[PDB]
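Here's the structure, in structure tokens; my notes come after.
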Amino acid sequence: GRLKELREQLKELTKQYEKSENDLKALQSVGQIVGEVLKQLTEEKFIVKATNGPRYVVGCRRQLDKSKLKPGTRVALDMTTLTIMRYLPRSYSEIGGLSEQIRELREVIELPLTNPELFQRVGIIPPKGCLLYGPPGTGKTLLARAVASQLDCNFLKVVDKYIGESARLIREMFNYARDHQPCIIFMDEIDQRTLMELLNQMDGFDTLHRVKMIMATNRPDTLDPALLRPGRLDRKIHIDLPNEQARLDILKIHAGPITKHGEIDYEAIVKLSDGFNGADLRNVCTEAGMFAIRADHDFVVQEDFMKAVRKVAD
Amino acid sequence: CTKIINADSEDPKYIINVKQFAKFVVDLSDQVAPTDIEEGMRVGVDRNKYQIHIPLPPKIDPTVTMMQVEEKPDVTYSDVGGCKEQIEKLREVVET
Amino acid sequence: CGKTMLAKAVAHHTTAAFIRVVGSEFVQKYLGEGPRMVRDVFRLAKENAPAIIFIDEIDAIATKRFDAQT
Amino acid sequence: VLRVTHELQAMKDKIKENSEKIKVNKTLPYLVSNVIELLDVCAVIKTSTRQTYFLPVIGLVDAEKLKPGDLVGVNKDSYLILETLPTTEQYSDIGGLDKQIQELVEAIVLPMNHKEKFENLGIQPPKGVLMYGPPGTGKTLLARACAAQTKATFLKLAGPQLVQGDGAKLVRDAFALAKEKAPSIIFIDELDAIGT
Amino acid sequence: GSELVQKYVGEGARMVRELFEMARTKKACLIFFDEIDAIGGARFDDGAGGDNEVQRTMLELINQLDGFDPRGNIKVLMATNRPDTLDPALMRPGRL
Ligand SMILES: Nc1ncnc2c1ncn2[C@@H]1O[C@H](COP(=O)(O)OP(=O)(O)OP(=O)(O)O)[C@@H](O)[C@H]1O
């Protein structure tokens, strides 16, 4: 017994001493100044700039793999010789009836995303994107992130020009987008010679990677005839008019994640208020939940929805 | 001159920053009573010695001090005329 | 009726330093970049070889002067 | 018996190392600053002189508790990390906006009063309340009254005071201060000044 | 008014704060602002936003003037030739 602690003690005696050697050895590194490879002046020397601003010319130390040190590459240089060292780069249907959504949109979004061989054999460049238009909110604000669900891939939301940074950033993120072929760029709420210049990126500027850049947004008031011309904008999809039954389906979908008695006359509620909008039905559900919170009702009583329906109708 | 921004128990270990260069964790100078050192007021540190040698009075910002009129022009209401109502209204908001 | 495509073809089958880069620039701070560009191109022209420029939609800059005060 | 010898040996390497370790802080070029980030075969430190240094040796202290972004004790000349260092009105005095008053209440105190109902219903209360309207339509007064009535800690923020990375660091410090205390009321005035 | 505006961003707000603190230290102080239209007497704030510095300085000024806990003993006078250009924020009573 008296020896067991001694065994563990030994591990301790080394442990604190272990750090001493690690601390002493660590107690000598002088660090380095971080900078970027501004350009490859020569296979032996290159022009770099430290984050502080000054620009120098340095060289690989032993083997810095110039093949991978293309113009622009973080590297830390010692402030005694300025040499290159370690380099380190630093719901499918939430709108009820979506037959319109799961149809033309699907057939024009995924079809050009799978078999480029089909079209190139046809000799026709695949359509690059389609435009959706109709009621704001349900058709515009909603079902916008849902496209990722429909395609099951993460998308990028892109909200004359100041300096042209619109097109500049579009291209600069285009490579990232192309790195993920299934990814779809969704420049919703997109809104001279930037929109028209915006018509030139799609033709070239790395647009041969099988991605449908759907310019689907009613926000732009001005419509470009060249864009709607076949090719660029293959076709236009009009957001369907809610029929007050799709409203019932939307209410049911949103009624899902809600605790309630169950005796909900959903048809009565939808007839009470014509929200007409999936976000309006979301607000209806939220207001019903709030009314339930009043008086501390874990459930939601029938009249609470009706108050919610009436409130939104205003 | 430096501004103190914090202090710690045991060793004081002030986090003073001089003007804008950088925060320095400097101990009090040998020849200073710890009571004088406090938070958020001007003090004096030497470069190499890095230590707070003497407390300093607060900044005055002479622009603001000289901005004060510190002078009474020789103008009286008597010379002004035709603004009796305005004069009274201003007086009710300044003097009375 | 065939324009931009013709310029594109000229670019594809030439040897000059064709730098179009003439986005119609109303701008608000740097006004009059004409010389800022052409000189560069001329500097490019002597740097490597004579260059060419091309663009449409310059109709906005055409104008006819008229008023000089507004 | 050799065990005590090793443990008495510990009063050996530690004393010298302590003396050196307790100089970078004291030294003027300490430049105690924030660690830009952390990596592995290592530290990246933005010195308070607006300079980015890369340290192969991640630091003398073990790297587990080197949180990306924190008071970093950069060495005077090695710029290696040494020490983490320490980091009256009522709702009856305003009229014509009572409905807004109850809305703000149910959105701001109900989480403070009881959030269980929200979880029960499956809907959470949004965070952040915007008060927009003509300069006359009282909201600073409403905010002051709400702070006075409800017992929490006020956090007054203004566009001018924030601006001077001074703005970002000040915002982060204030937000962290709010995070530390469970009850927190954050007041940002003329927010348009910042979010231009 | 010109002395308030400086080349450095935000300096005007800092000097406004300094003046406010100097007033707070004193008792029964009167302040007179002339050419107020000079010191951010507008809120156009176009996309260019070239006046952002004077604008933020004016915002700091108005905030320190009234809001939360003012001194309540600071009598402010203001002389402008064309108040119509002044912003709603300052012209609104309570501040003036
Ligand atoms: N409904 C109201 N009841 C009482 N006082 C009000 C009301 N509306 C405005 N006020 C007055 O306005 C002030 C309340 O804050 P204030 O009006 O400054 O904020 P605001 O109108 O939201 O805009 P700002 O803060 O930009 O001025 C107090 O002087 C208060 O007496």
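Chain identifiers are assigned as A, B, and so on, following the order in which chains appear in the structure tokens; residues are numbered from 1 within each chain, and ligands are numbered from 1 in order of appearance.
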
Contact table chain B vs chain D, cut-off 8 Å, shortest pair per residue, only C-alpha atoms, as JSON lines:
{"residue": "B:21", "atom": "CA", "partner": "D:49", "partner_atom": "CA", "distance": 5.7}
{"residue": "B:22", "atom": "CA", "partner": "D:48", "partner_atom": "CA", "distance": 4.9}
{"residue": "B:23", "atom": "CA", "partner": "D:31", "partner_atom": "CA", "distance": 5.7}
{"residue": "B:24", "atom": "CA", "partner": "D:30", "partner_atom": "CA", "distance": 5.8}
{"residue": "B:25", "atom": "CA", "partner": "D:25", "partner_atom": "CA", "distance": 5.3}
{"residue": "B:26", "atom": "CA", "partner": "D:26", "partner_atom": "CA", "distance": 4.9}
{"residue": "B:27", "atom": "CA", "partner": "D:26", "partner_atom": "CA", "distance": 6.6}
{"residue": "B:47", "atom": "CA", "partner": "D:28", "partner_atom": "CA", "distance": 6.9}
{"residue": "B:48", "atom": "CA", "partner": "D:28", "partner_atom": "CA", "distance": 7.0}
{"residue": "B:50", "atom": "CA", "partner": "D:28", "partner_atom": "CA", "distance": 5.4}

Output C-alpha atoms for every residue in that selection, as a short mmCIF file (atom, residue, chain, number, x, y, z; two decimals), in the first residue's frame.
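Produced file result35.cif, reproduced below:
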data_model
loop_
_atom_site.label_atom_id
_atom_site.label_comp_id
_atom_site.auth_asym_id
_atom_site.auth_seq_id
_atom_site.Cartn_x
_atom_site.Cartn_y
_atom_site.Cartn_z
CA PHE B 21 1.00 52.46 -28.35
CA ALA B 22 0.14 49.43 -26.24
CA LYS B 23 -1.06 48.23 -22.85
CA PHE B 24 1.89 47.57 -20.54
CA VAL B 25 1.72 45.35 -17.45
CA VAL B 26 4.04 47.46 -15.30
CA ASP B 27 4.70 47.35 -11.58
CA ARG B 47 10.71 53.91 -20.87
CA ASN B 48 13.38 51.46 -19.73
CA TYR B 50 8.78 51.00 -17.37
#

Show me, as an NGL selection string, the residues of chain D whose atoms get within 9 Å of chain E, using only C-alpha atoms for the distance check. :D and (135-136 or 140-141 or 144 or 158-161 or 163-164 or 189-190 or 193 or 196)

Write the selection just made, keeping C-alpha atoms, as a short mmCIF file (atom, residue, chain, number, x, y, z; two decimals), in the first residue's frame?
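Okay, this is what ended up in out-v6.cif:
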data_model
loop_
_atom_site.label_atom_id
_atom_site.label_comp_id
_atom_site.auth_asym_id
_atom_site.auth_seq_id
_atom_site.Cartn_x
_atom_site.Cartn_y
_atom_site.Cartn_z
CA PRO D 135 -38.05 61.97 -32.86
CA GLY D 136 -41.15 62.98 -30.86
CA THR D 140 -35.94 56.72 -24.88
CA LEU D 141 -38.45 57.53 -22.15
CA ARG D 144 -35.86 54.29 -19.27
CA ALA D 158 -24.68 55.18 -28.21
CA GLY D 159 -23.35 55.57 -31.72
CA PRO D 160 -20.92 58.39 -30.89
CA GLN D 161 -19.35 56.84 -27.80
CA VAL D 163 -16.85 55.02 -32.52
CA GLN D 164 -13.27 56.15 -31.92
CA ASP D 189 -29.40 54.92 -29.09
CA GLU D 190 -29.38 56.43 -32.60
CA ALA D 193 -25.13 56.27 -36.36
CA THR D 196 -24.88 53.42 -41.68
#

Within 9 Å of chain A: residues of chain C, using only C-alpha atoms, as number ranges by chain: C: 23-28, 57

Run DSSP on the backbone and tell me which residues of region 168-294 of chain A come out as alpha helix (DSSP H); list them as a ChimeraX atom specification. /A:168-179,195-203,225-228,246-255,266-272,278-293

As a list in words, list the residues of chain B assigned to strand (DSSP E or B) by DSSP on the backbone atoms of this structure. residues 2, 3, 14, 17, 23, 26, 28, 42, 43, 44, 45, 52, 53, 54 and 55 of chain B

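Our summary of the geometry notes that atom 24 (P, counted along the ligand's line) of ligand 1 is positioned 28.3 Å from CA of residue 91 (chain B).
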
For chain B, report every residue with an atom at most 12 Å from chain E (counting only C-alpha atoms), formatted as a PyMOL selection string. chain B and resi 58-69+90-95

Using only C-alpha atoms, which residues sit within 10 Å of region 25-29 of chain A once same-chain residues fewer than 2 positions away are excluded, as a VMD selection string? (chain A and resid 19 to 23 31 to 32) or (chain D and resid 17 20 to 21 55 to 61 77 to 80 82)

What are the closest atom pairs, with distances in Å to one decimal, for all residues of chain D lying within 10 Å of ligand 1? Consider only C-alpha atoms and all ligand atoms, order rows by chain and residue number, and present the result as JSON lines.
{"residue": "D:91", "atom": "CA", "partner": "ligand 1", "partner_atom_place_in_ligand_line": "3 (N)", "distance": 9.5}
{"residue": "D:92", "atom": "CA", "partner": "ligand 1", "partner_atom_place_in_ligand_line": "3 (N)", "distance": 9.2}
{"residue": "D:93", "atom": "CA", "partner": "ligand 1", "partner_atom_place_in_ligand_line": "4 (C)", "distance": 6.2}
{"residue": "D:94", "atom": "CA", "partner": "ligand 1", "partner_atom_place_in_ligand_line": "3 (N)", "distance": 3.7}
{"residue": "D:95", "atom": "CA", "partner": "ligand 1", "partner_atom_place_in_ligand_line": "1 (N)", "distance": 4.9}
{"residue": "D:96", "atom": "CA", "partner": "ligand 1", "partner_atom_place_in_ligand_line": "1 (N)", "distance": 5.9}
{"residue": "D:97", "atom": "CA", "partner": "ligand 1", "partner_atom_place_in_ligand_line": "1 (N)", "distance": 6.5}
{"residue": "D:98", "atom": "CA", "partner": "ligand 1", "partner_atom_place_in_ligand_line": "1 (N)", "distance": 9.1}
{"residue": "D:131", "atom": "CA", "partner": "ligand 1", "partner_atom_place_in_ligand_line": "22 (O)", "distance": 7.2}
{"residue": "D:132", "atom": "CA", "partner": "ligand 1", "partner_atom_place_in_ligand_line": "22 (O)", "distance": 7.6}
{"residue": "D:133", "atom": "CA", "partner": "ligand 1", "partner_atom_place_in_ligand_line": "22 (O)", "distance": 7.1}
{"residue": "D:134", "atom": "CA", "partner": "ligand 1", "partner_atom_place_in_ligand_line": "21 (O)", "distance": 6.7}
{"residue": "D:135", "atom": "CA", "partner": "ligand 1", "partner_atom_place_in_ligand_line": "23 (O)", "distance": 4.0}
{"residue": "D:136", "atom": "CA", "partner": "ligand 1", "partner_atom_place_in_ligand_line": "21 (O)", "distance": 3.8}
{"residue": "D:137", "atom": "CA", "partner": "ligand 1", "partner_atom_place_in_ligand_line": "21 (O)", "distance": 4.1}
{"residue": "D:138", "atom": "CA", "partner": "ligand 1", "partner_atom_place_in_ligand_line": "21 (O)", "distance": 3.2}
{"residue": "D:139", "atom": "CA", "partner": "ligand 1", "partner_atom_place_in_ligand_line": "22 (O)", "distance": 3.2}
{"residue": "D:140", "atom": "CA", "partner": "ligand 1", "partner_atom_place_in_ligand_line": "19 (O)", "distance": 4.1}
{"residue": "D:141", "atom": "CA", "partner": "ligand 1", "partner_atom_place_in_ligand_line": "14 (C)", "distance": 3.9}
{"residue": "D:142", "atom": "CA", "partner": "ligand 1", "partner_atom_place_in_ligand_line": "14 (C)", "distance": 7.0}
{"residue": "D:143", "atom": "CA", "partner": "ligand 1", "partner_atom_place_in_ligand_line": "15 (O)", "distance": 8.5}
{"residue": "D:144", "atom": "CA", "partner": "ligand 1", "partner_atom_place_in_ligand_line": "15 (O)", "distance": 8.6}
{"residue": "D:145", "atom": "CA", "partner": "ligand 1", "partner_atom_place_in_ligand_line": "14 (C)", "distance": 9.8}
{"residue": "D:189", "atom": "CA", "partner": "ligand 1", "partner_atom_place_in_ligand_line": "25 (O)", "distance": 7.3}
{"residue": "D:190", "atom": "CA", "partner": "ligand 1", "partner_atom_place_in_ligand_line": "26 (O)", "distance": 6.9}
